[PDB]
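Worksheet: the structure to be examined is printed underneath.
Readers should treat all values here as calculations from the given coordinates under stated rules, not as data from a laboratory. Reconstructed Cβ throughout: ideal geometry from the backbone, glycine too, with neighbour counts over all protein chains shown.
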Amino acid sequence: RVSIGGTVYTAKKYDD
Amino acid sequence: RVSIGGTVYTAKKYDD
Amino acid sequence: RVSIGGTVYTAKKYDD
Amino acid sequence: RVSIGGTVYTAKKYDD
Amino acid sequence: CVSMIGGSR
Amino acid sequence: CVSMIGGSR
Amino acid sequence: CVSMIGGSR
Amino acid sequence: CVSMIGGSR
Amino acid sequence: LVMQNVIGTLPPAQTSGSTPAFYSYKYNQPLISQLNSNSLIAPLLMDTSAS
Amino acid sequence: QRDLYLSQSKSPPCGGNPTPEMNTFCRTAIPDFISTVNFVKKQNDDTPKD
Amino acid sequence: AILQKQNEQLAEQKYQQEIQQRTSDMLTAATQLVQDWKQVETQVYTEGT
Amino acid sequence: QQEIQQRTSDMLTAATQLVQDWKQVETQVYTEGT
Amino acid sequence: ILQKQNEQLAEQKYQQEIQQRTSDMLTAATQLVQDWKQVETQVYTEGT
Amino acid sequence: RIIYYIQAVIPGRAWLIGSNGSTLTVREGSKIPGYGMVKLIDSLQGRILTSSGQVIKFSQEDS
Amino acid sequence: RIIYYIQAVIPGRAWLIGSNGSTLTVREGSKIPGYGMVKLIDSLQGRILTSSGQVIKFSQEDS
Amino acid sequence: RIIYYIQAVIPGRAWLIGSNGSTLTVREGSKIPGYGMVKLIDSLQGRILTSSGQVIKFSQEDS
Amino acid sequence: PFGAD
Amino acid sequence: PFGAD
Amino acid sequence: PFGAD
Amino acid sequence: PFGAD
Amino acid sequence: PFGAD
Amino acid sequence: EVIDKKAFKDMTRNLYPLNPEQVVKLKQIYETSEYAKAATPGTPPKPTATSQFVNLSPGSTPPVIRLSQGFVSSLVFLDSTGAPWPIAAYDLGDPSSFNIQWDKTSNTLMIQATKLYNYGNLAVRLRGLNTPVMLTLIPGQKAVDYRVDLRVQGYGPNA
Amino acid sequence: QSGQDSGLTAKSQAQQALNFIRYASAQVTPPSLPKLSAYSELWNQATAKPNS
Amino acid sequence: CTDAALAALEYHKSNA
Amino acid sequence: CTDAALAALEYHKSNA
Amino acid sequence: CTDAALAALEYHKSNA
Amino acid sequence: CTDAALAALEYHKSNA
């Protein structure tokens, strides 16, 4: 996942 | 002598 | 002989 | 067998 | 299902 | 079934 | 979801 | 802020 | 210089989007009236209004 | 030459329908050649480890 | 000594082209993405009869 | 081993014309009476 | 010796079949996606 | 009973005409009144086999 | 109850028509009265499997 | 309360239609009567999770 | 190809 | 490709 | 790409 | 090709 | 580019 | 004369290479591959005909038209009393993303989404109505607006 | 009437006259416009901003 | 003549 | 003829 | 047939 | 599914 400003933010591991 | 399916079967020897 | 699934399943030997 | 997102998950072995 | 012209005795 | 032009004694 | 044309028995 | 198509389980 | 002024901007190679090609109808649309002969012999009283 | 080509993305050679190798050329950036020429490693490759 | 370190430096340089190849690839893709977001299709009016 | 790829060559030089005749769908014709 | 070398040639062989199937896949996949991006404009006919 | 004869047949569907003038079309598996359920369609022989053991042919006067 | 038959079926959409003339559509998960909710939709064979074990197929006189 | 189904959902906004015929639109954070405020919108699945645990989902007869 | 043709 | 076609 | 699609 | 032609 | 966007 | 038999067999395999078995099986891989290509992944949109009351008061959100790629969406414009409202004109912003057909007299608009999910908006000048009919067209969702009856807040030239 | 359906063919007297007038005017031999490659090269040569 | 034809057609209808 | 076909079809049904 | 389809389906809905 | 989305959302909100 990536924001709109440019810097990348992503979760590690999450299942459903 | 050949039938329509393409397989060929023949008689051996017959005289009239 | 081939079906409409694409897997070719064939009969072995049968005469009549 | 394949989903719409892109990830591929497939059943192992079954018959009917 | 059977394509009989794909047939063989 | 027979094509007798393909015939032979 | 299931694309069953890519079926495998 | 989150684009779900950039999603990963 | 004069005959470049006759063309103006030279048309690009193969594109009908932002700018048209030399064989496209859209680029040819204004020059076709210039190059037609009945543009001179057919009309009877010319219109000088920039329509 | 590659800069002149990429400034002309359309209007082939880099445009239109390039022949495959010239497509790879338009694709391929130019490496630095003076970083590749090194005699000591080539020497070690030539001589057997034994 | 440092001879073999320089050896593995140029070896590392010479195994290091996958980066540049996919680089060039996605520049070619990316500039086309830039162009087709820069595109703006102008509005059209239809005046009824 | 080569008889195989010559086989496959003649297979495709038949299969491509089969596939091209199957994409062919001819539009209906209309005849309106007098 | 001879066996060793043709085994090595066979070992080296089993790397380019993937890339040739990959190229055939370029020919196939681009053609599909070009088919797919095609949209054909709806047509209207006004009655007499 | 009502005896039907083949009107035409191709791989899959087979169109059959009865003695009452009724015309029907069938597939691999279908319910034929009295005839039961069709097991096989031999188009190149013009033959229909159904579960009741009897066989549908082209009529003697149209084949 | 009211018995529906398949009027059409594609990957995803499943068009069905009942015996009362009503016509509906189904997706992967949908509530169908009497039949509960559907599990699966096979379009190439035309079978809709729902909760109550009943399978909707093409009509016998329509397939 | 008033139960809301969605008429449209895209990354970002989502156009909602309640049972009163009122149409609204929501973002990642927006006040919705009864349901609290939106916690997240998933356009790919067509869901909206809110603070109140209530999940907003395309109407059963339109999804 | 069948023999009952 | 299934067998209940 | 999620499993709840 | 028969002998009763 | 901030985290309160 | 055995040469005739054997070389004839060699011919019935080269001139006609695919056996009658093989040609129908090739047909099958055809129809299955094409059945793969044209088949829409996921569940395609529900084609339904809705009806929305258009509110022109300030603060109201524009009506939504959920369209489909390559599919005709029919918008009919309707006054309060239940009578048709003919169109004076319209402007379609983002036009090469939605192809619009309209006979110049009727009240009925035909839009086909040209690209899959990129959305836009559409302004419609009505006959007796001064306020613009502003709507939002969103394609590519789980539902397709096969018809929509816009219950525009005003009264048209038909009562 | 219908002439031989091999390329351009007229169907009426007026169509024959039109086919003549086309064929005497010799538009059927259109002039050769430039080649794509050479023209493309001289185009981006003559369109580009000089000294940059 | 006809003897060969009859033997042939019997051999054809006997072998499927 | 028909026996080969019925054995084939039953084999196709048995092996999906 | 259905067994593989449903096993795959549950495997997808279990694995996000 | 949603767990990864919400975790990444909170991670982006927490990291400016």
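Taking Cα centre as origin and charging only the Cβ of basic (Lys, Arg, +1) and acidic (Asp, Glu, -1) residues, the dipole magnitude of chain O rounds to 200 debye.
In terms of distances greater than 25 angstrom between alpha carbons, the cross-link table entries D:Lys13/O:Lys39; L:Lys23/V:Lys25; B:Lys12/V:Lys25; J:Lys42/M:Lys13 yield B:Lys12/V:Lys25; J:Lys42/M:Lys13.
Dipole orientation for the stretch V:52-142: of the candidates V:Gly128, V:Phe77, V:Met110, V:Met110 has the Cα lying most toward the positive pole (charges on Cβ; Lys, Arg +1; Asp, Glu -1). Dividing the Cα radius of gyration of the stretch W:1-44 by 2.2 N^0.38 Å, with N the residue count, gives 1.86. Shape summary: the stretch V:1-157 maps onto an equivalent ellipsoid whose semi-axes, from the alpha-carbon gyration tensor, are 57, 15, 13 Å in decreasing order.
Among the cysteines of the protein assembly as shown, E:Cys1, F:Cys1, G:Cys1, H:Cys1, X:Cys1, Y:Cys1, Z:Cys1, AA:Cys1 have no other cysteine beta carbon within less than 4.7 Å of their own. Taking 18 Å as the cut-off, no amide N atom of the stretch J:25-44 comes nearer than this to a point 7 Å along the Cα-to-beta-carbon line of M:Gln15. Comparing W:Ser40, M:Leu2, V:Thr40 along the charge dipole axis of the protein assembly as shown, the residue lying farthest to the positive side is V:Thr40, per the Cβ-charge model. Counting every C-alpha pair in chain I, the share spaced more than 12 angstrom apart comes to 74%.
For chain K, the Kirkwood hydrodynamic radius from C-alpha pairs, put into Stokes-Einstein at 25 °C and a viscosity of 0.890 mPa s, yields a diffusion coefficient of 159 µm² per second. Potential lengthening of the chain between J:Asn38 and J:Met22 amounts to 2.8 nm, from the contour at 0.36 nm per residue minus the alpha-carbon distance. Charge dipole of the protein assembly as shown (Cα centre as origin; +1 on each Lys and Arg Cβ, -1 on each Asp and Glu Cβ, all else neutral): 1560 debye, rounded to the nearest 20. Hydrodynamic analysis of chain J uses the Kirkwood radius over alpha carbon pairs. Inserted into Stokes-Einstein at 10 °C and 1.306 mPa s, it gives a translational diffusion coefficient of 116 µm²/s. Give the residues of the stretch V:14-44 whose amide nitrogen is closer than 17 Å to a point set 7 Å from the Cα of L:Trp22 in the direction of its Cβ. Only V:17-39 pass the distance filter. Set the Förster distance to 51 Å, then compute FRET efficiency between V:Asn130 and K:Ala30 from the Cβ-Cβ distance, nearest 0.05. The formula returns an efficiency of 0.65 here. Shape index of the stretch V:32-100: Rg/Rh, with Rg the Cα radius of gyration and Rh the Kirkwood radius from the inverse mean 1/r over Cα pairs, equals 1.07.
Here the calculated FRET efficiency for W:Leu36 and Y:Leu6, from their Cβ-Cβ distance with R0 = 56 Å, stands at 0.35, rounded to the nearest 0.05.
Placing a label point 7 Å from Cα along the Cα-to-Cβ axis, O:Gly36 is separated from the same position in the other copies by 3.2, 3.4 nm, shortest listed first.
Computed from Cα atoms alone, the Kirkwood hydrodynamic radius reported for chain O is 11.3 Å.
State the Cα centre-to-centre distance between chain Y and chain W in whole Å. So the separation of the two Cα centres works out to 63 Å. For chain W, trypsin sites (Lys or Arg not before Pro) meeting the loop criterion (DSSP other than H, G, I, E, B) and having at most 13 other Cβ atoms within 10 Å: W:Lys11, W:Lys35.
Across chain V, the longest run free of exposed loop sites, meaning chymotrypsin sites (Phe, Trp or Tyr not before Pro) lying outside DSSP classes H, G, I, E and B with no more than 15 other Cβ atoms within 10 Å, spans V:1-116.
Binning the C-alpha pair distances of the stretch V:102-156 at 5 Å intervals from 0 yields a P(r) profile of 4, 13, 26, 26, 16, 10, 4, 0 %, listed from the shortest bin outward.
Projected onto their three principal axes, the Cα atoms of the protein assembly as shown cover extents of 102, 89, 88 Å, largest first.
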